[PDB]
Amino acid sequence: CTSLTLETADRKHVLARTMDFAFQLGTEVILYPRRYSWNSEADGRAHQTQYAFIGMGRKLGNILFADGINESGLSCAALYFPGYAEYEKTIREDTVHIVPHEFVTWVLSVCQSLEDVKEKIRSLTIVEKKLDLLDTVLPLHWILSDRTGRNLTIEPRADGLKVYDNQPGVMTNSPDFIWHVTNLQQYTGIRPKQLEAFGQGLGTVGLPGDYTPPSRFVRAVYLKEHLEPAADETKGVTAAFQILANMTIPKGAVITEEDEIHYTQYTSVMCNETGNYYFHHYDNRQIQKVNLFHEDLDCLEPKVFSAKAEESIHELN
């Protein structure tokens, strides 16, 4: 997965991410409403959501989310972090306990901002527990965004939960966040204009083209840094998709250790100010959209907005 934030000329923010995976997740955009009672798989204890939100989710016992945007402008995305993610084995105490795949639900339901996350996260404990559908502990890390325009990355390490100001506003997968930010120093020579002619693009030589996390990180940062400013929310959504097109894996390009096809299943963009969640997916290019605020946020139960599944083609004749 590749994620990035962008800021438009009229001052909105979006958080955008591709979801690259071999197993089919079958996520759909879902409203998780306010005052919704759920029980953690860490210890069975009950929680009650405070803020409503929408994001890509799947009912697996509770409804687990890969990302989402809440009613107060906080947005979050969970991306794979294999080999680096390390959780608590032993249940602490005087802490809330959740499992890794609950963090999105937690943070979006209980926090209203980045300041808020930085504070509540001090009494949280994420513990090592499998996701049955996969029979494995999800190795994850998270990128978050709110209406101040700041960005965080949060990474569950052996040393505990680490929080970073994410200045580039980009994040992919392993290794750890400082590693990637340091790696950017190798790439400050790539630039849009040639120095002083098969065609255009020569300044761009050295941009990594492969699908490894470090290269996708560098290629996102390059394209974000030289993006012509986008005027408004819609133009921002387009740009985030244009950039993420460059990190879209066609089926067949990448094969896992198990002979599975690792490809981009969906790409989404979430707008912090407007509560809009846009997306397309491998099989349908047309942007789809859910507006959080058209819904009854005191709804009694989750609401699913199911997607158009095939290529939506506009016939001119």
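The first residue of the sequence shown is number 1, and the count goes up from there.
- Unmodelled deposited residues between residue 196 and residue 197: 10 or more, per the record.
- Taking the PDB entry as given, 298-306 carries the higher mean Cα B factor of the two stretches 14-22 and 298-306.
- As recorded in the PDB entry, 41-49 is the stretch of 41-49 and 279-287 with the greater mean C-alpha temperature factor.
- Note on the listed residues 180, 141, 89, 224: the highest Cα temperature factor in the record is that of 89.
- Which of 171, 154, 244, 96 has the largest Cα B-factor in the deposited entry comes down to 96.
- Among the modelled residues of its chain, residue 232 has a C-alpha B-factor that falls in the middle third, as given in the PDB entry.
- When the modelled residues of the chain are ordered by C-alpha B-factor, residue 30 sits in the lowest third.
- Among the modelled residues of its chain, residue 126 has a C-alpha B-factor that falls in the highest third, as given in the PDB entry.
- Sorting the modelled residues of the chain by their CA temperature factor places residue 115 in the highest third.
- The PDB entry assigns residue 160 a C-alpha temperature factor belonging to the highest third of its chain's modelled residues.
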